[PDB]
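The structure appears below as structure tokens.
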Amino acid sequence: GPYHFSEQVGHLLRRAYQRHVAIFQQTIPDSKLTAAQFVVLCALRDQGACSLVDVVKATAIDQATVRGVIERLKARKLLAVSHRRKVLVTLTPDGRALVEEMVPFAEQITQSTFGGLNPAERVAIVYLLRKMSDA
Amino acid sequence: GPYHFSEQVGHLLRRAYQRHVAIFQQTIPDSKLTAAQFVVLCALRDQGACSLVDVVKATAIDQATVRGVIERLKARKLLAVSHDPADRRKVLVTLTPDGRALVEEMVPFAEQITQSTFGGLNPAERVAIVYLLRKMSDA
């Protein structure tokens with residue numbers, strides 16, 4: 013009859029996300045990188061120099077988090093920032113090196129994330145998530 | 013093809029979960045209440061007295077997020093803290109009557125949120141994704 017939160021799609025997205033992030037933490041050597049940091053670095057590797065809303069657009073991460081992430085990555089010298101109200105952001109060579117070094121592990125993470133799902137299941141979930149985030 | 017972070021299943025989960033939380037925030041009347049807060053409250057409604065790990069188990073929300081939720085809900089007097097009758101040392105959280113009312117008040121909206129989140133998925137697609145997400149989250 014009533015509400016069961018555990019069987020609701022919204023909750024089941026959180027678990028699946030959360031599970032993905034935990035897998036990412038186990039799999040990435042020595043908490044070198046958070047998942048958000050990795051995503052921002054990838055966006056920069058693929059796209060090139062970006063504004064802040066470029067990075068938000070690219071990564072689907074809220075602006076306040078991205079600002080934080082860029083600051084931490086600036087500190088670690090993995091990216092560069094430059095002006100005069102608007103800023104650019106660009107990979108440093110260590111930046112790109114770290115990304116390249118982690119991309120073999122990120123592949124691992126994907127398989128793990130898909131879990132028990134069989135190949136038809138894998139296609140189906142990706143189809144459904146695409147169809148969900150789009151519309 | 014090479015690795016693009018955006019095509020991969022981790023990102024689509026991220027995007028779809030962002031969409032859900034935006035939907036949650038837009039439609040929930042009580043603007044102080046977070047998706048995590050709400051879920052914890054539903055778990056106490058369904059389970060009665062719970063330890064911190066009970067809530068982590070019931071919800072699969074991480075322990076840091078849970079303590080934070082509990083602390084926030086303690087402040088608004090929506091849950092009470094007691095001692096475990098088994099262990100005078102170990103602590104229990106329990107809905108207050110106010111907590112129970114608010115859960116009941118939000119149920120319609122939660123249901124709407126679910127509907128919005130499914131968006132334009134057809135009745136079979138709604139079943140398929142709930143199933144695949146559970147299968148994914150097990151093992």
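Line by line, the protein sequences give chains B and A.
Taken in order, the first sequence gives residues 13 to 95, 100 to 151; the numbers are from the entry's author numbering.
Taken in order, the second sequence gives residues 13 to 151; the numbers are from the entry's author numbering.
Each residue gets a CB set at the ideal place from its N, CA and C atoms; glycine is no exception.
Asked                                                                                                                                                                             : Found
In angstroms, rounded to a whole number, what distance separates the CA positions of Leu25 of chain A and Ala28 of chain B?                                                       : 7 Å
Counting along the chain, where does the alpha helix (DSSP H) carrying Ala34 of chain B start and finish?                                                                         : 21 to 39
Using 8 Å as the threshold, is the C-beta distance between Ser63 of chain A and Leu104 of chain A below it?                                                                       : yes
How should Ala151 of chain A be labelled, buried or exposed, when 16 other C-beta atoms within 10 angstroms of its C-beta is the threshold for buried?                            : exposed
If you reduce the DSSP assignment to three classes, tell me which class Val105 of chain A lands in.                                                                               : strand
Taking the alpha helix (DSSP H) that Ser149 of chain B falls in, what are its first and last residues?                                                                            : 135 to 150
Contact defined as beta carbons within less than 8 Å: I believe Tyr15 of chain A pairs with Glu123 of chain B. What is the distance between those atoms, to the nearest angstrom? : 6 Å
Could you pull the DSSP bridge partners for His95 of chain A from this structure?                                                                                                 : A:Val103
With a threshold of 8 Å between beta carbons, is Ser149 of chain A in contact with chain B?                                                                                       : yes
Does the beta carbon of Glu123 of chain B come closer than 8 Å to any beta carbon on chain A?                                                                                     : yes
Given that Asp42 of chain A touches chain B, what residues does it touch there, using C-beta distances under 9 Å?                                                                 : Going along chain B, no residue has its Cβ under 9 Å from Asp42 of chain A, so there is no contact; the nearest lies around 16 Å.
Residues of chain B with CB under 7 Å from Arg146 of chain A, in chain order?                                                                                                     : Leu24
Which chain A residues sit within Cβ distance under 7 Å of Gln20 of chain B?                                                                                                      : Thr126
Mind listing the chain A neighbours of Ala61 of chain B? Cutoff is C-beta to C-beta under 9 Å, in chain order.                                                                    : In chain order: nothing, as chain A lies at least about 18 Å away.
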